[PDB]
Every structure is written in C-alpha cells, then in structure tokens.
Amino acid sequence: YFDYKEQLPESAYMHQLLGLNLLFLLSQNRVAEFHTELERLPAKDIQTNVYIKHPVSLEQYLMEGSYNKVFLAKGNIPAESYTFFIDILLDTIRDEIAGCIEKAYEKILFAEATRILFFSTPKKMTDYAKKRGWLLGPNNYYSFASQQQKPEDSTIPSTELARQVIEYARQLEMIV
Amino acid sequence: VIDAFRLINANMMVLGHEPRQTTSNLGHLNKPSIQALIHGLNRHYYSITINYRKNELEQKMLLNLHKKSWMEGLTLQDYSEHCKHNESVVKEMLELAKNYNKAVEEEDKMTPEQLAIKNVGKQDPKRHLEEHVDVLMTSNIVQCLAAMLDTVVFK
C-alpha cells in the first residue's frame, strides 16, 4: 500500500483490490481496522472513488445513523466478487440497527418496520420479535425493558462504583 | 532523674575520703539552681547512674490505658456531627488562603520578626493550614471506616 520512499503502489487493479478489502472489513464489523488501514492507504487518491466510494460512504452514513443512505445500490459496478460483500453487509448492519431500535422505539405495527429495522420485510421483524422476545400483541413493546436499564448514574449506599468505601477511605490516609 | 547522694564536709575531702565516693559512676551535668548546686553535686557522688529492674510482663500492664479501648476505638458519635466537623474546617481554611497567596513568594526565611512583614509571618498561614489539614484528615477517615466496617459485620 505504501512501500519505500515511493515504489509506485499504483496499479490499474489496485482500485479493484481496495474495493473488496474495505468492504470485507465492514462486513466483519472490523470498524477499527477500516480506520487504521485508511491512514496507511495514500496511493488510493490516484485510484479515485467510484468502487471506493461505496465503503467510505457506507461507513459514514452508518456512523451518522441514517438508514436510507446505507445503500448497497452502488458498489456492484465491477461485480465479480463485489456481490458477495453486498449480501453479507446488509445482514450484519441490520442486526446492529435492530439493537438500536430495541432501545429506541416503543411499538411497531407492521408497516414502518422495513425502514426502522433496516430489515428487508415486516415479516422478518415479527420473526426476530419471537427470537429476542420483543413481541407483545400484534405490535412489539421492546422499549420498556430496554430503556429503563440504561440509568446507572444512580449510587447505592456506600460507594462501590468507584471502589468500595472501606478500602477507598483507608487509601486516602495512606497517601499522606 | 533520680540521683542518690551522700554528704560529706570539706575537712574530709582534703584527707581524701571524698574521691572514693566519686569513683565508679557515669556523670551527667545539671544545673537547676546555679553553680552553688553544681559544687555540692560534684563533691557528693556527681550524678549517679540509676537503672531499673523490670521484666516484659510488668511493662505491658503499664502500656495499655484500659480494656475498653476495644469498644471505644470503634465507637463513633453521630454522623451529623462528623459532617459538621468537615464543614467547620473548610470555612476556616478559606480564610487563611488569602494570606498564603502573598507568602509563597518567599517564606523559607529565617527569623520570625523579619518574616512578619515580608511573607505574613504575623499569624503564619502555613502553620494554620497544616494544623487544619491534620486534624480534619485523621478524624474523617477513622469515623467513616468504623461505621462502615460495623455495618457489614452486623447487617
């Protein structure tokens, strides 16, 4: 990707190789690796972003929280091995979006589920509603349990949140 | 300091009765009532060495104040009162603070008279602050520790 003073990383299929690599990293949920390899990559600017434009954009929109810009329309312009990453990316990302929704939103009927879950069908939203026990009537009530757990700012008599009180109190003396 | 002496007169000394008495002891100088005392002190024996016969068993009985330290060491007042203590010191320290600020520029200097003007040696802020910090520190920790330890054993 960079070697020597300059070896010319540039190739005509350097652009094709990078498209599949970056996609593989998102699918796996090696988001960290996507960033860490990125800074190393300069030599992809010469390549330009049409194949690259799908993983960089995909990551950005995901980061943003958008569920209607996390397109898999693009990124099939070579499509000899690109279709494989598009199929799996959709599935991994939706699951993550679904965790979001569990805390996010009180009740889903049957007809707004597609977009919010980032799931494929409403039918599917119900399917996972048996798997993660979200369901309660023809609509879910997943939010109630999820929303309530989050507070942890509360402190129960005797600090044990920032170490137990007995040990902490003896330590303050010792520093003197 | 306990010393044991015998008293002779001058006539006896010149005969040489006086030196015998003085031999075989370790000296030590005192003056609690001027040179007249010292003259008599040398003439006598001159501060005779006193040692004490003791064994370990007797010593230990003298060391401890009482049996009750066992309860008492644990015993805490009222929480309200502890919380008050912390509050009282803080307020006190806050006053001294202004005086520390000018001081810090030197206040390593000898002589309290000179220091009085320069670094506010009149009602010395370093000292006042150090006393406030020591008392506050030991009390707050011990009072917290005790109550919390007792609670876990009892409940």
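No solvent, one uniform scatterer per C-alpha: report log10 I(q)/I(0) for the range A:21-109 via the Debye equation at q = 0.15, 0.19, 0.22 1/Å, two decimals.
-0.60, -0.91, -1.17
Using a Förster radius of 51 Å, what is the FRET efficiency between B:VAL1 and A:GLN171 based on their Cβ-Cβ separation? Nearest 0.05, please.
E between B:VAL1 and A:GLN171, to the nearest 0.05, is 0.70.
Taking a point 7 angstrom from the Cα of A:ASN76 along the C-beta vector, which residues in the range A:28-66 have backbone N less than 16 Å away?
In the range A:28-66, the label zone of A:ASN76 (backbone N under 16 Å from the point 7 Å along Cα→Cβ) covers A:51, A:54-55.
Cα centroids of the range A:41-91 and the range B:128-155: how far apart, whole angstrom?
61
Listed highest first by mean packing, meaning other Cβ atoms within 10 Å per residue, what order do B:91-98, B:26-33 come in?
The peptides rank, most packed first, as B:91-98, B:26-33.
Students often get this wrong: which residues of the range B:116-155 have the backbone nitrogen under 14 Å from the point 7 angstrom along Cα-to-C-beta of B:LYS109?
In the range B:116-155, the label zone of B:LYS109 (backbone N under 14 Å from the point 7 Å along Cα→Cβ) covers B:116-122.
Give me the number: length gained by fully extending A:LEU109 to A:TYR1, i.e. 0.36 nm times residue separation minus the C-alpha to C-alpha distance, one decimal in nm.
34.0 nm
When N counts the residues of the range B:1-103, how does its alpha-carbon radius of gyration compare numerically with 2.2 N^0.38 Å, as a ratio?
The range B:1-103 yields a ratio of 2.21.
Hey, how many Å between the Cα centroid of the range A:118-148 and the Cα centroid of the range A:150-170?
Taking the Cα centre of each part, the range A:118-148 and the range A:150-170 sit 35 Å apart.
Using only Cα atoms, what is the ratio of the radius of gyration of the range A:56-162 to 2.2 N^0.38 Å?
Dividing the Cα Rg of the range A:56-162 by 2.2 N^0.38 Å gives 1.36.
Can you give me the Rg/Rh ratio for the protein assembly as shown, using Cα atoms for both radii and the Kirkwood formula for Rh?
1.36
Which trypsin sites (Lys or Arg not before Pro) from the range A:44-106 combine a DSSP loop assignment with at most 12 other Cβ atoms within 10 Å?
A:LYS69
Under the rule of -39500 (n - 2.57) per DSSP H run of 4 or more residues, summed and divided by the residues of chain A, what mean residue ellipticity at 222 nm is obtained, to the nearest 500 deg cm²/dmol?
Counting only the DSSP helices, I get -16500 deg cm²/dmol.
Can you compute the modelled spin-label distance between B:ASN9 and A:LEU161, with each label point 7 Å from Cα toward Cβ, in nm?
9.1
Which far-off residues, 5 or more places away or on another chain, put their amide H under 5 Å from the one on A:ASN140, with H placed in the peptide plane?
A:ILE108
For the range A:81-120, which GluC sites (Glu not before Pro) are in a loop by DSSP, counting at most 14 other Cβ atoms within 10 Å?
A:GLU106, A:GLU112
Given the DSSP H assignment, sum -39500 (n - 2.57) over each helix run of at least 4 residues in chain B and divide by its residue total; what's the result at 222 nm in deg cm²/dmol, nearest 500?
Result for chain B: -19000 deg cm²/dmol, rounded to the nearest 500.
May I ask you to derive the FRET efficiency for B:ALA147 and A:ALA32 from their Cβ-Cβ distance with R0 = 35 Å, giving the value to the nearest 0.05?
Efficiency computed from Cβ-Cβ geometry: 0.15.
How much FRET efficiency would the formula 1/(1 + (r/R0)^6) give for B:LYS60 and B:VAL90, where r is the Cβ-Cβ distance and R0 is 51 Å, rounded to 0.05?
Given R0 = 51 Å and the Cβ-Cβ separation, E is 0.75.
Can you give the convex hull volume per residue for the Cα atoms of the range B:35-155, as a whole number of Å³?
250
Ideal geometry is used to build each Cβ from the backbone, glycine not excepted, and the neighbour counts take in all protein chains shown. We did not get these values from a lab; they are worked out from the coordinates using the rules stated.
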